[PDB]
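There is one chain below, alone, in C-alpha coordinates, taken in the form deposited in one PDB entry.
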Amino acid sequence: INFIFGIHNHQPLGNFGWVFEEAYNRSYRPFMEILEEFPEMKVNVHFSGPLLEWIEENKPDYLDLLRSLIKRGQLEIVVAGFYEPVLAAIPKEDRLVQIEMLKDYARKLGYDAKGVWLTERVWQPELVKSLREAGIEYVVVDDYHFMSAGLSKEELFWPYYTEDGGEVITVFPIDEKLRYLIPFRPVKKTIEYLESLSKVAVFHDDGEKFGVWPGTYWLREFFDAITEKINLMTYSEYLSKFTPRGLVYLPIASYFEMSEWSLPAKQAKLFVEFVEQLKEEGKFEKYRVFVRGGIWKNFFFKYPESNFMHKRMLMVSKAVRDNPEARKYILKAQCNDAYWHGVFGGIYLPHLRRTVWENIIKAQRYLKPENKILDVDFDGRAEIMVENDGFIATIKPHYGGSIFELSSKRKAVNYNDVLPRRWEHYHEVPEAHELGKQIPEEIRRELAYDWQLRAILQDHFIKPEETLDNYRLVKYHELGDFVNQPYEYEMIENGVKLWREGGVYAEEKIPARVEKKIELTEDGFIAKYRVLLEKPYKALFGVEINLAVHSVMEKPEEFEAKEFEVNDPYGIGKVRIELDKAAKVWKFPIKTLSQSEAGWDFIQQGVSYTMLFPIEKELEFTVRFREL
(Lines give C-alpha, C1' and ligand atoms only; values in the text may rest on other atoms or scores of the structure.)
Protein backbone atom coordinates (compact mmCIF):
# COMPACT_ATOMS: atom_id res chain seq x y z
CA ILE A 1 0.00 0.00 0.00
CA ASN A 2 1.33 3.39 -1.14
CA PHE A 3 1.33 6.41 1.16
CA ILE A 4 1.64 10.11 0.37
CA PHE A 5 1.99 12.43 3.34
CA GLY A 6 1.84 16.19 2.98
CA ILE A 7 0.95 19.44 4.74
CA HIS A 8 -0.36 22.88 3.72
CA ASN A 9 1.11 25.88 5.60
CA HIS A 10 -0.51 29.30 5.16
CA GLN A 11 -1.23 32.57 6.95
CA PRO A 12 -3.52 35.18 5.40
CA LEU A 13 -2.12 38.49 4.22
CA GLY A 14 -2.69 41.04 6.95
CA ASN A 15 -2.54 38.62 9.83
CA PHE A 16 -0.88 39.87 12.97
CA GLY A 17 2.88 39.52 13.17
CA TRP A 18 2.60 37.72 16.50
CA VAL A 19 0.10 35.31 15.04
CA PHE A 20 2.71 34.54 12.39
CA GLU A 21 5.52 33.97 14.87
CA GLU A 22 3.31 31.72 16.94
CA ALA A 23 2.43 29.42 14.06
CA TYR A 24 6.14 29.36 13.33
CA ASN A 25 7.34 28.31 16.79
CA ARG A 26 4.22 26.17 17.28
CA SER A 27 4.52 24.03 14.17
CA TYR A 28 6.36 25.38 11.16
CA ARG A 29 9.67 25.16 13.01
CA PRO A 30 9.11 22.07 15.21
CA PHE A 31 7.68 19.97 12.38
CA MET A 32 10.64 20.53 10.08
CA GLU A 33 13.03 19.94 12.97
CA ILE A 34 11.49 16.56 13.78
CA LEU A 35 11.36 15.86 10.04
CA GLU A 36 15.09 16.40 9.72
CA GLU A 37 15.80 13.53 12.09
CA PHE A 38 14.00 10.87 10.03
CA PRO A 39 15.85 10.87 6.64
CA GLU A 40 13.37 8.30 5.28
CA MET A 41 10.34 10.47 6.04
CA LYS A 42 9.18 12.38 2.96
CA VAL A 43 6.72 15.24 3.30
CA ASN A 44 4.83 16.98 0.47
CA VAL A 45 4.65 20.58 1.69
CA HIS A 46 3.08 23.78 0.34
CA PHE A 47 3.95 27.15 1.85
CA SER A 48 1.81 30.12 0.91
CA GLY A 49 3.48 33.26 -0.41
CA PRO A 50 2.48 35.56 2.45
CA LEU A 51 3.97 33.02 4.90
CA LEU A 52 7.15 32.48 2.86
CA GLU A 53 7.60 36.25 2.71
CA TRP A 54 7.27 36.56 6.50
CA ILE A 55 9.65 33.65 7.02
CA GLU A 56 12.13 35.11 4.53
CA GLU A 57 11.94 38.33 6.56
CA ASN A 58 11.89 37.21 10.21
CA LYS A 59 13.43 33.75 10.06
CA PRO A 60 15.91 33.27 7.14
CA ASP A 61 17.60 30.26 8.72
CA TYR A 62 14.34 28.38 8.23
CA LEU A 63 14.57 28.69 4.46
CA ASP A 64 17.96 26.98 4.72
CA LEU A 65 16.48 24.07 6.64
CA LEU A 66 14.15 23.69 3.67
CA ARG A 67 16.85 23.77 0.97
CA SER A 68 18.57 21.15 3.12
CA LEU A 69 15.60 18.76 3.35
CA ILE A 70 14.74 19.26 -0.31
CA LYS A 71 18.37 18.49 -1.14
CA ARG A 72 18.21 15.33 0.95
CA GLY A 73 14.97 14.21 -0.70
CA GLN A 74 12.65 14.77 2.27
CA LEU A 75 10.46 17.44 0.68
CA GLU A 76 8.60 18.09 -2.58
CA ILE A 77 7.44 21.69 -2.84
CA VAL A 78 3.76 21.94 -3.67
CA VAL A 79 2.80 25.25 -5.25
CA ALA A 80 -0.34 27.36 -5.94
CA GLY A 81 -1.30 31.00 -6.43
CA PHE A 82 1.37 32.99 -4.61
CA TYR A 83 -1.10 34.97 -2.47
CA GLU A 84 -3.51 32.10 -1.75
CA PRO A 85 -6.28 33.27 -4.02
CA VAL A 86 -9.15 30.96 -4.87
CA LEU A 87 -7.92 30.16 -8.35
CA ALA A 88 -11.45 29.88 -9.67
CA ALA A 89 -12.35 33.37 -8.41
CA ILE A 90 -9.60 35.48 -10.04
CA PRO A 91 -9.06 36.32 -13.76
CA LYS A 92 -7.47 33.67 -16.00
CA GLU A 93 -4.44 35.92 -16.61
CA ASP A 94 -3.93 36.46 -12.88
CA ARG A 95 -3.73 32.75 -12.13
CA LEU A 96 -0.78 32.29 -14.46
CA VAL A 97 1.07 35.08 -12.71
CA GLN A 98 -0.03 33.99 -9.21
CA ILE A 99 1.04 30.37 -9.77
CA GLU A 100 4.26 31.34 -11.62
CA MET A 101 5.32 33.60 -8.77
CA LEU A 102 5.20 30.78 -6.24
CA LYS A 103 6.53 28.38 -8.86
CA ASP A 104 9.55 30.69 -9.05
CA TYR A 105 9.99 30.84 -5.30
CA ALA A 106 10.15 27.06 -5.08
CA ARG A 107 12.79 27.07 -7.81
CA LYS A 108 14.90 29.48 -5.75
CA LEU A 109 14.44 27.02 -2.89
CA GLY A 110 15.87 24.37 -5.17
CA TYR A 111 12.80 22.39 -6.23
CA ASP A 112 11.00 22.20 -9.58
CA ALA A 113 7.36 22.09 -8.46
CA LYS A 114 5.00 19.98 -10.53
CA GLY A 115 1.98 20.01 -8.24
CA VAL A 116 -0.55 22.50 -6.96
CA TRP A 117 -2.47 22.62 -3.68
CA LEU A 118 -5.93 23.80 -4.64
CA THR A 119 -6.64 26.62 -2.20
CA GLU A 120 -9.72 25.75 -0.14
CA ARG A 121 -10.09 22.86 -2.57
CA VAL A 122 -12.55 24.95 -4.57
CA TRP A 123 -12.65 23.31 -7.98
CA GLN A 124 -14.14 24.28 -11.33
CA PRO A 125 -13.60 22.40 -14.64
CA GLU A 126 -11.55 25.19 -16.17
CA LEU A 127 -8.55 25.39 -13.90
CA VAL A 128 -7.25 22.59 -16.11
CA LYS A 129 -6.25 25.02 -18.87
CA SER A 130 -4.57 27.40 -16.40
CA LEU A 131 -2.75 24.71 -14.45
CA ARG A 132 -1.48 23.25 -17.73
CA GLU A 133 -0.18 26.57 -19.03
CA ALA A 134 1.45 27.05 -15.65
CA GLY A 135 3.31 23.84 -16.32
CA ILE A 136 1.56 22.04 -13.47
CA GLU A 137 1.02 18.28 -13.74
CA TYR A 138 -1.23 17.32 -10.84
CA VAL A 139 -3.66 18.95 -8.42
CA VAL A 140 -4.56 17.79 -4.94
CA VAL A 141 -8.28 17.63 -4.32
CA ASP A 142 -10.58 15.84 -1.82
CA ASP A 143 -11.90 12.26 -2.06
CA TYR A 144 -15.24 13.98 -1.53
CA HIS A 145 -14.73 15.64 -4.89
CA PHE A 146 -14.67 12.25 -6.61
CA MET A 147 -17.71 11.08 -4.68
CA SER A 148 -19.90 13.99 -5.83
CA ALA A 149 -19.03 12.76 -9.34
CA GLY A 150 -20.23 9.18 -9.23
CA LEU A 151 -17.46 7.10 -7.71
CA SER A 152 -17.41 5.38 -4.31
CA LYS A 153 -14.77 5.66 -1.55
CA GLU A 154 -13.85 2.11 -2.56
CA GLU A 155 -12.47 3.32 -5.89
CA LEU A 156 -10.73 6.46 -4.66
CA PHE A 157 -7.31 5.02 -3.88
CA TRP A 158 -5.56 6.02 -7.10
CA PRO A 159 -5.02 9.35 -8.88
CA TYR A 160 -7.25 10.08 -11.88
CA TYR A 161 -7.20 12.14 -15.05
CA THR A 162 -9.72 14.95 -15.41
CA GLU A 163 -10.10 17.07 -18.54
CA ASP A 164 -11.43 20.27 -20.04
CA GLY A 165 -10.67 21.77 -23.39
CA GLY A 166 -8.57 18.94 -24.79
CA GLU A 167 -6.09 19.03 -21.93
CA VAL A 168 -5.89 16.73 -18.92
CA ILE A 169 -4.40 16.95 -15.48
CA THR A 170 -3.81 14.40 -12.74
CA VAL A 171 -6.06 14.69 -9.71
CA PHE A 172 -5.10 13.19 -6.34
CA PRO A 173 -7.79 12.53 -3.69
CA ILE A 174 -7.50 13.44 0.02
CA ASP A 175 -8.85 10.64 2.21
CA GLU A 176 -11.30 12.18 4.70
CA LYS A 177 -10.25 9.59 7.29
CA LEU A 178 -6.63 10.57 7.57
CA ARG A 179 -7.43 14.29 7.84
CA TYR A 180 -9.37 13.25 10.95
CA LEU A 181 -7.10 10.44 12.11
CA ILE A 182 -3.80 12.35 11.75
CA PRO A 183 -3.01 13.66 14.31
CA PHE A 184 -4.53 11.21 16.86
CA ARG A 185 -2.90 7.97 18.18
CA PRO A 186 -1.33 6.07 15.24
CA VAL A 187 -4.52 4.25 14.19
CA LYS A 188 -3.57 5.13 10.63
CA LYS A 189 -1.31 2.12 10.96
CA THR A 190 -4.54 0.13 10.90
CA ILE A 191 -6.35 1.99 8.10
CA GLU A 192 -3.05 1.83 6.22
CA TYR A 193 -2.61 -1.82 7.15
CA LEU A 194 -6.22 -2.40 6.07
CA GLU A 195 -5.33 -1.09 2.61
CA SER A 196 -3.82 -4.36 1.38
CA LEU A 197 -2.53 -4.66 -2.19
CA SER A 198 -0.70 1.21 -7.77
CA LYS A 199 -3.15 2.14 -4.99
CA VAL A 200 -2.24 4.95 -2.64
CA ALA A 201 -3.39 6.54 0.57
CA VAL A 202 -3.04 10.30 0.50
CA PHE A 203 -3.06 12.59 3.45
CA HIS A 204 -2.85 16.31 2.95
CA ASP A 205 -3.99 18.95 5.44
CA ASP A 206 -3.23 22.24 7.21
CA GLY A 207 0.07 22.17 9.05
CA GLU A 208 -1.39 24.34 11.79
CA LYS A 209 -2.96 21.07 12.95
CA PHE A 210 0.54 20.07 14.02
CA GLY A 211 0.91 22.47 16.93
CA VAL A 212 -1.15 25.62 16.50
CA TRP A 213 -4.72 24.35 16.78
CA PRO A 214 -6.42 24.12 20.21
CA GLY A 215 -3.89 22.37 22.42
CA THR A 216 -2.39 20.30 19.60
CA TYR A 217 1.05 20.99 21.05
CA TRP A 218 2.79 12.00 18.48
CA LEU A 219 4.72 13.16 15.43
CA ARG A 220 8.12 11.64 16.22
CA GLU A 221 6.25 8.37 16.75
CA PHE A 222 4.27 8.67 13.52
CA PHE A 223 7.47 9.20 11.51
CA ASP A 224 9.41 5.99 12.21
CA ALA A 225 6.14 4.09 12.58
CA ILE A 226 5.43 4.98 8.95
CA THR A 227 9.05 4.59 7.83
CA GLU A 228 7.17 -1.48 7.53
CA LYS A 229 5.60 -2.64 4.25
CA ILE A 230 3.86 0.72 3.79
CA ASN A 231 5.44 2.32 0.72
CA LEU A 232 5.43 6.05 1.38
CA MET A 233 6.54 8.27 -1.49
CA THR A 234 6.09 11.81 -2.80
CA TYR A 235 3.49 12.84 -5.40
CA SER A 236 6.15 13.39 -8.06
CA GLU A 237 7.73 10.02 -7.30
CA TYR A 238 4.32 8.38 -7.78
CA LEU A 239 3.64 10.04 -11.15
CA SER A 240 6.64 8.27 -12.64
CA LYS A 241 6.10 4.82 -11.18
CA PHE A 242 2.42 4.79 -12.17
CA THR A 243 -0.17 6.49 -14.41
CA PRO A 244 -3.56 7.78 -13.18
CA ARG A 245 -6.53 5.42 -12.95
CA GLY A 246 -8.56 6.72 -15.86
CA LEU A 247 -10.43 9.83 -16.92
CA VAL A 248 -13.21 11.12 -14.68
CA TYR A 249 -14.98 14.50 -14.62
CA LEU A 250 -15.29 16.42 -11.34
CA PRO A 251 -18.15 18.70 -10.19
CA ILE A 252 -17.87 22.18 -8.70
CA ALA A 253 -17.17 21.09 -5.14
CA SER A 254 -14.76 21.65 -2.24
CA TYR A 255 -14.13 19.64 0.94
CA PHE A 256 -17.30 18.36 2.67
CA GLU A 257 -17.54 21.04 5.39
CA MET A 258 -17.69 23.81 2.78
CA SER A 259 -21.10 22.44 1.77
CA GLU A 260 -22.60 23.83 4.96
CA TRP A 261 -20.77 27.14 5.37
CA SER A 262 -21.26 28.12 1.73
CA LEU A 263 -25.04 27.84 2.14
CA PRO A 264 -27.06 30.86 3.07
CA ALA A 265 -27.85 30.93 6.83
CA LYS A 266 -31.26 29.22 6.70
CA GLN A 267 -30.12 26.52 4.28
CA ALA A 268 -27.03 25.97 6.38
CA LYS A 269 -29.22 25.31 9.42
CA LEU A 270 -31.49 23.04 7.38
CA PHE A 271 -28.50 21.16 5.95
CA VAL A 272 -26.91 20.50 9.33
CA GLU A 273 -29.99 18.87 10.79
CA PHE A 274 -30.46 16.85 7.60
CA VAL A 275 -26.95 15.47 8.14
CA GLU A 276 -27.54 15.00 11.85
CA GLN A 277 -30.79 13.15 11.08
CA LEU A 278 -29.23 10.80 8.53
CA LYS A 279 -26.45 10.03 11.00
CA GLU A 280 -28.86 9.42 13.90
CA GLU A 281 -30.75 6.94 11.70
CA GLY A 282 -27.38 5.40 10.81
CA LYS A 283 -27.97 5.91 7.08
CA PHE A 284 -25.51 8.77 6.40
CA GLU A 285 -22.65 6.35 5.69
CA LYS A 286 -24.42 4.58 2.83
CA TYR A 287 -25.94 7.67 1.26
CA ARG A 288 -23.50 10.51 1.96
CA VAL A 289 -22.23 10.24 -1.60
CA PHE A 290 -25.59 11.84 -2.50
CA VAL A 291 -25.64 14.55 0.17
CA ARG A 292 -24.36 17.99 -0.81
CA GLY A 293 -24.71 21.63 0.17
CA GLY A 294 -23.56 24.88 -1.37
CA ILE A 295 -20.58 26.00 -3.44
CA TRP A 296 -17.80 28.38 -2.36
CA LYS A 297 -18.61 30.91 -5.07
CA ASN A 298 -21.92 31.58 -3.34
CA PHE A 299 -20.31 33.38 -0.43
CA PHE A 300 -20.53 36.35 -2.84
CA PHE A 301 -24.25 35.74 -2.55
CA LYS A 302 -24.22 35.17 1.22
CA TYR A 303 -22.02 38.15 2.08
CA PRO A 304 -22.82 41.16 -0.18
CA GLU A 305 -19.86 43.09 1.20
CA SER A 306 -17.63 40.29 0.01
CA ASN A 307 -19.17 40.38 -3.47
CA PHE A 308 -18.66 44.14 -3.81
CA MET A 309 -15.08 43.83 -2.67
CA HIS A 310 -14.56 41.01 -5.16
CA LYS A 311 -16.16 42.77 -8.13
CA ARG A 312 -14.25 45.96 -7.37
CA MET A 313 -10.92 44.16 -7.49
CA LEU A 314 -11.96 42.49 -10.74
CA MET A 315 -12.51 45.88 -12.40
CA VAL A 316 -9.13 47.08 -11.09
CA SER A 317 -7.32 43.87 -12.02
CA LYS A 318 -8.24 44.48 -15.63
CA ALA A 319 -7.46 48.19 -15.56
CA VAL A 320 -4.05 47.38 -14.14
CA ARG A 321 -3.15 44.20 -16.01
CA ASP A 322 -0.12 45.55 -17.88
CA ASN A 323 0.96 47.85 -15.05
CA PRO A 324 3.57 45.77 -13.15
CA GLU A 325 3.68 47.91 -9.99
CA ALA A 326 -0.09 48.36 -9.70
CA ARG A 327 -0.65 44.74 -10.72
CA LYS A 328 1.40 43.38 -7.83
CA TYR A 329 -1.01 45.16 -5.52
CA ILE A 330 -4.14 43.81 -7.14
CA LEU A 331 -2.70 40.29 -6.88
CA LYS A 332 -2.29 40.69 -3.13
CA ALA A 333 -5.94 41.73 -2.86
CA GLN A 334 -6.81 38.24 -4.05
CA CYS A 335 -5.76 36.48 -0.82
CA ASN A 336 -8.82 34.22 -0.29
CA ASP A 337 -9.46 34.48 3.47
CA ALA A 338 -11.54 37.60 4.13
CA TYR A 339 -13.83 36.84 1.20
CA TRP A 340 -15.73 34.06 2.95
CA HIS A 341 -16.41 32.60 6.41
CA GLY A 342 -16.65 29.05 7.66
CA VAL A 343 -14.96 27.98 10.87
CA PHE A 344 -12.25 30.69 10.91
CA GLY A 345 -12.97 34.42 11.30
CA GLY A 346 -12.42 35.16 7.61
CA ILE A 347 -14.52 38.07 6.36
CA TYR A 348 -15.33 38.88 9.99
CA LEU A 349 -11.72 39.70 10.83
CA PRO A 350 -11.33 43.43 10.03
CA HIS A 351 -7.60 43.40 9.45
CA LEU A 352 -7.90 40.69 6.80
CA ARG A 353 -10.41 42.78 4.93
CA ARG A 354 -8.59 46.03 5.59
CA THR A 355 -5.70 44.43 3.72
CA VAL A 356 -7.76 43.55 0.65
CA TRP A 357 -9.11 47.09 0.39
CA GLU A 358 -5.61 48.43 0.91
CA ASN A 359 -4.29 46.56 -2.10
CA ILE A 360 -7.32 47.30 -4.26
CA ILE A 361 -6.82 50.99 -3.51
CA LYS A 362 -3.06 51.07 -3.86
CA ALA A 363 -3.41 49.30 -7.17
CA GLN A 364 -5.68 52.06 -8.46
CA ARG A 365 -4.49 55.22 -6.72
CA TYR A 366 -2.48 56.52 -9.70
CA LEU A 367 -4.89 55.49 -12.45
CA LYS A 368 -6.78 58.29 -14.20
CA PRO A 369 -9.92 59.38 -12.28
CA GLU A 370 -13.23 58.91 -14.04
CA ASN A 371 -16.86 59.12 -12.97
CA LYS A 372 -18.93 56.31 -14.39
CA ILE A 373 -22.33 54.65 -14.04
CA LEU A 374 -22.69 50.87 -13.90
CA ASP A 375 -23.94 47.75 -12.20
CA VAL A 376 -20.77 46.95 -10.17
CA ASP A 377 -21.83 44.07 -7.93
CA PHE A 378 -24.36 42.65 -10.40
CA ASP A 379 -27.57 43.29 -8.49
CA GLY A 380 -29.41 44.48 -11.59
CA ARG A 381 -29.27 48.15 -10.63
CA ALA A 382 -26.59 50.77 -11.34
CA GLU A 383 -24.12 52.37 -8.95
CA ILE A 384 -22.58 55.77 -9.39
CA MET A 385 -18.82 55.99 -9.10
CA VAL A 386 -17.58 59.52 -8.53
CA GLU A 387 -13.82 59.88 -8.26
CA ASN A 388 -11.18 62.61 -7.98
CA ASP A 389 -7.48 62.78 -7.14
CA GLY A 390 -8.11 61.83 -3.53
CA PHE A 391 -11.14 59.58 -3.28
CA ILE A 392 -13.35 57.05 -4.93
CA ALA A 393 -16.95 57.25 -3.87
CA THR A 394 -19.44 54.59 -4.97
CA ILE A 395 -23.08 55.53 -4.45
CA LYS A 396 -26.09 53.18 -4.58
CA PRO A 397 -29.13 55.17 -5.83
CA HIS A 398 -31.38 52.14 -5.56
CA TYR A 399 -30.53 51.86 -1.87
CA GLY A 400 -31.12 55.03 0.11
CA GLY A 401 -28.94 56.80 -2.44
CA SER A 402 -26.15 56.17 0.05
CA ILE A 403 -22.38 56.17 -0.34
CA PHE A 404 -21.54 52.47 -0.18
CA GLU A 405 -17.81 53.08 -0.71
CA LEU A 406 -15.45 55.83 0.21
CA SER A 407 -11.87 54.81 -0.42
CA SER A 408 -9.02 57.09 0.56
CA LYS A 409 -6.33 56.98 -2.10
CA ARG A 410 -4.17 58.87 0.42
CA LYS A 411 -4.57 56.26 3.21
CA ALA A 412 -5.50 53.23 1.08
CA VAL A 413 -8.36 52.66 3.49
CA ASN A 414 -12.04 52.29 2.80
CA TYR A 415 -14.01 54.34 5.31
CA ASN A 416 -17.02 52.12 4.82
CA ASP A 417 -15.14 48.87 5.37
CA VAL A 418 -17.89 47.72 7.74
CA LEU A 419 -20.08 44.63 8.18
CA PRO A 420 -23.83 44.47 8.85
CA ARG A 421 -24.83 42.42 11.90
CA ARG A 422 -26.19 39.11 10.56
CA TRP A 423 -27.54 35.90 12.03
CA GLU A 424 -25.29 32.89 11.37
CA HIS A 425 -26.80 29.38 11.36
CA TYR A 426 -24.43 28.34 14.16
CA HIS A 427 -25.70 31.12 16.40
CA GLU A 428 -28.35 28.56 17.37
CA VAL A 429 -26.81 26.53 20.17
CA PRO A 430 -28.60 23.31 21.18
CA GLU A 431 -27.97 20.09 23.14
CA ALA A 432 -27.48 22.01 26.40
CA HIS A 433 -13.91 20.42 13.44
CA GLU A 434 -16.28 19.33 16.27
CA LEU A 435 -15.66 21.76 19.12
CA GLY A 436 -18.33 24.26 20.19
CA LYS A 437 -19.48 26.84 22.73
CA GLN A 438 -22.71 28.40 24.05
CA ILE A 439 -23.48 32.12 23.80
CA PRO A 440 -22.60 33.79 27.15
CA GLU A 441 -25.22 36.17 28.54
CA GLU A 442 -22.75 39.04 28.50
CA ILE A 443 -22.94 38.70 24.71
CA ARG A 444 -26.61 37.72 24.43
CA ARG A 445 -27.29 41.06 26.10
CA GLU A 446 -25.62 42.97 23.26
CA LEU A 447 -26.39 40.59 20.38
CA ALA A 448 -28.52 42.44 17.81
CA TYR A 449 -29.30 41.87 14.10
CA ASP A 450 -29.53 44.57 11.40
CA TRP A 451 -32.26 44.85 8.79
CA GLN A 452 -30.35 47.70 7.17
CA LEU A 453 -27.13 47.54 5.16
CA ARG A 454 -24.47 49.85 6.57
CA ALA A 455 -23.39 52.69 4.31
CA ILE A 456 -22.53 56.37 4.63
CA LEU A 457 -25.44 58.88 4.62
CA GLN A 458 -28.37 56.61 5.42
CA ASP A 459 -31.50 58.77 6.08
CA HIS A 460 -33.82 57.84 8.99
CA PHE A 461 -36.96 59.30 10.61
CA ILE A 462 -37.46 58.42 14.29
CA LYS A 463 -39.59 59.35 17.29
CA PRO A 464 -38.21 62.39 19.19
CA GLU A 465 -38.54 60.21 22.30
CA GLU A 466 -36.54 57.27 20.99
CA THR A 467 -33.68 55.82 23.01
CA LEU A 468 -30.11 55.20 21.88
CA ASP A 469 -30.08 51.68 23.30
CA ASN A 470 -33.18 50.96 21.24
CA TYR A 471 -31.61 52.31 18.05
CA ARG A 472 -28.24 50.79 19.03
CA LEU A 473 -29.73 47.31 19.21
CA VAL A 474 -32.50 47.06 16.64
CA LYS A 475 -35.51 47.63 18.86
CA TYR A 476 -36.25 51.14 17.60
CA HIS A 477 -39.11 52.17 15.36
CA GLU A 478 -37.88 53.41 12.00
CA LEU A 479 -40.50 55.87 10.79
CA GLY A 480 -39.31 56.65 7.28
CA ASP A 481 -38.84 54.51 4.19
CA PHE A 482 -35.61 56.14 3.00
CA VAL A 483 -32.94 53.76 4.30
CA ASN A 484 -33.45 50.78 2.03
CA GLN A 485 -35.50 52.45 -0.74
CA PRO A 486 -34.33 53.94 -4.07
CA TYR A 487 -33.57 57.56 -4.90
CA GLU A 488 -33.65 59.36 -8.24
CA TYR A 489 -30.37 60.96 -9.35
CA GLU A 490 -28.93 63.60 -11.67
CA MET A 491 -25.20 64.05 -12.21
CA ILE A 492 -24.03 67.34 -10.70
CA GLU A 493 -20.89 69.41 -11.40
CA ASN A 494 -18.80 67.42 -8.94
CA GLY A 495 -21.13 64.74 -7.65
CA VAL A 496 -24.69 63.44 -7.64
CA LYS A 497 -27.97 65.03 -6.59
CA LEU A 498 -30.34 62.38 -5.27
CA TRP A 499 -33.85 62.61 -3.84
CA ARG A 500 -36.76 60.32 -2.98
CA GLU A 501 -40.47 60.71 -2.28
CA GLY A 502 -41.29 58.20 0.44
CA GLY A 503 -43.24 58.96 3.58
CA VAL A 504 -43.00 59.07 7.36
CA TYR A 505 -45.13 56.00 8.03
CA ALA A 506 -46.65 56.66 11.45
CA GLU A 507 -50.26 56.77 12.71
CA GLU A 508 -50.78 58.68 9.49
CA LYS A 509 -48.51 58.46 6.43
CA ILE A 510 -47.22 62.03 5.99
CA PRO A 511 -45.68 61.83 2.51
CA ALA A 512 -42.09 63.08 2.75
CA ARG A 513 -39.26 63.98 0.36
CA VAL A 514 -35.52 63.98 1.12
CA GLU A 515 -32.84 65.71 -0.94
CA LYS A 516 -29.07 65.18 -0.74
CA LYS A 517 -26.65 66.91 -3.13
CA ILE A 518 -23.42 64.93 -2.68
CA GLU A 519 -20.21 66.30 -4.15
CA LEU A 520 -16.65 65.11 -3.60
CA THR A 521 -14.18 67.66 -2.31
CA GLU A 522 -10.38 67.85 -2.25
CA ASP A 523 -10.62 66.31 1.23
CA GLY A 524 -13.74 64.19 1.28
CA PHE A 525 -17.18 65.12 0.63
CA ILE A 526 -20.00 67.45 1.46
CA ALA A 527 -23.69 66.60 1.31
CA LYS A 528 -26.35 69.31 1.37
CA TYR A 529 -29.63 67.98 2.81
CA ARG A 530 -33.21 69.22 2.47
CA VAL A 531 -36.21 67.45 4.00
CA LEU A 532 -39.63 68.98 3.46
CA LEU A 533 -42.56 67.11 4.97
CA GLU A 534 -45.90 67.53 3.16
CA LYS A 535 -48.00 67.63 6.33
CA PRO A 536 -46.64 68.96 9.64
CA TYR A 537 -45.37 66.27 12.03
CA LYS A 538 -43.25 65.93 15.17
CA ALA A 539 -40.21 63.77 14.40
CA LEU A 540 -36.42 63.54 14.23
CA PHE A 541 -34.49 63.25 10.96
CA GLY A 542 -31.18 61.45 11.16
CA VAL A 543 -28.22 60.98 8.83
CA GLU A 544 -26.15 57.88 9.51
CA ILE A 545 -22.47 57.51 8.57
CA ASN A 546 -20.83 54.14 9.19
CA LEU A 547 -17.09 54.44 9.66
CA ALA A 548 -14.65 51.55 9.86
CA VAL A 549 -13.13 52.27 13.26
CA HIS A 550 -11.32 48.99 13.94
CA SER A 551 -8.51 49.51 16.44
CA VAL A 552 -10.27 51.81 18.90
CA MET A 553 -12.63 49.85 21.16
CA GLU A 554 -15.53 52.28 21.21
CA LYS A 555 -18.76 52.32 23.25
CA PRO A 556 -22.24 53.93 22.95
CA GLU A 557 -22.27 57.71 23.34
CA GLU A 558 -24.88 60.44 22.99
CA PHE A 559 -24.00 64.11 22.67
CA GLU A 560 -24.77 67.54 21.25
CA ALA A 561 -22.33 68.79 18.64
CA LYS A 562 -21.99 70.86 15.50
CA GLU A 563 -18.60 69.25 14.77
CA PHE A 564 -16.59 66.20 15.86
CA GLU A 565 -13.59 63.98 15.05
CA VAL A 566 -13.05 60.24 14.86
CA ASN A 567 -9.61 58.85 15.52
CA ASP A 568 -8.64 55.35 14.55
CA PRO A 569 -4.83 55.09 14.67
CA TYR A 570 -4.04 51.75 12.99
CA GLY A 571 -7.52 51.91 11.43
CA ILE A 572 -9.01 54.61 9.24
CA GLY A 573 -7.28 57.94 9.40
CA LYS A 574 -8.51 60.81 11.48
CA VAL A 575 -11.67 62.23 9.99
CA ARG A 576 -13.94 65.06 10.93
CA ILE A 577 -17.65 65.53 10.38
CA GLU A 578 -18.82 69.15 10.22
CA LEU A 579 -22.48 70.15 10.34
CA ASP A 580 -23.69 73.73 9.80
CA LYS A 581 -26.36 73.25 12.43
CA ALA A 582 -25.56 71.40 15.66
CA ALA A 583 -27.42 68.15 16.23
CA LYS A 584 -27.96 65.14 18.46
CA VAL A 585 -25.23 62.62 17.71
CA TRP A 586 -25.69 58.92 18.37
CA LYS A 587 -22.57 56.76 18.32
CA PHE A 588 -22.32 53.01 18.82
CA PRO A 589 -19.98 50.04 18.12
CA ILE A 590 -21.16 47.55 15.51
CA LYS A 591 -20.61 44.24 17.28
CA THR A 592 -20.61 40.96 15.41
CA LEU A 593 -20.93 37.49 16.96
CA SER A 594 -18.51 35.45 14.88
CA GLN A 595 -16.98 31.98 15.19
CA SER A 596 -13.35 30.80 15.24
CA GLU A 597 -11.18 27.96 16.51
CA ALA A 598 -10.82 29.41 20.02
CA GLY A 599 -14.49 30.19 20.32
CA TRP A 600 -16.87 33.11 19.94
CA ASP A 601 -15.79 36.31 18.24
CA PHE A 602 -17.59 39.50 19.28
CA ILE A 603 -15.84 41.94 16.93
CA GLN A 604 -16.22 45.66 16.42
CA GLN A 605 -16.78 45.72 12.65
CA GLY A 606 -17.11 49.48 12.83
CA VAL A 607 -18.91 52.40 14.44
CA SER A 608 -22.16 54.20 13.53
CA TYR A 609 -22.38 57.98 13.99
CA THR A 610 -25.87 59.22 13.19
CA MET A 611 -26.78 62.93 13.46
CA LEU A 612 -30.33 63.60 14.67
CA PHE A 613 -32.13 66.82 13.79
CA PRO A 614 -35.66 67.86 14.83
CA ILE A 615 -38.23 68.37 12.06
CA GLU A 616 -41.92 69.29 11.75
CA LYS A 617 -42.29 70.62 8.23
CA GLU A 618 -38.91 71.86 7.05
CA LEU A 619 -35.27 70.88 7.65
CA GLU A 620 -31.97 71.83 6.03
CA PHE A 621 -28.31 71.29 6.87
CA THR A 622 -24.93 70.30 5.50
CA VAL A 623 -22.83 67.30 6.51
CA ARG A 624 -19.17 67.62 5.61
CA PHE A 625 -16.62 64.79 5.68
CA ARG A 626 -13.01 65.91 6.09
CA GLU A 627 -10.04 63.54 5.96
CA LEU A 628 -7.28 64.68 8.35
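Shifts are known only where both forms have a C-alpha. In this text, the rigid core denotes the largest set of C-alpha atoms whose superposition between the two forms falls within 1.5 Å. Residue indices: 1-based, along the sequence shown.
There is also a form deposited in another entry; it is not shown, and the following applies to it.
For the listed set 351, 188, 497, 472, the sole C-alpha moving 2 Å or more between this form and the one not shown on a rigid core superposition is that of 188. Between this form and the other one, the CA-CA gap for residue 190 and residue 36 narrows by 3 Å or more, being smaller in that other deposited form.
Look at residue 192 and residue 156: in that other deposited form their Cα atoms move 3 Å or more farther apart than in this form. Comparing the conformations between this form and the one not shown, with the rigid core held fixed, yields only the displaced run 184 to 197, spanning 3+ consecutive residues whose C-alpha shift is 2 Å or more.
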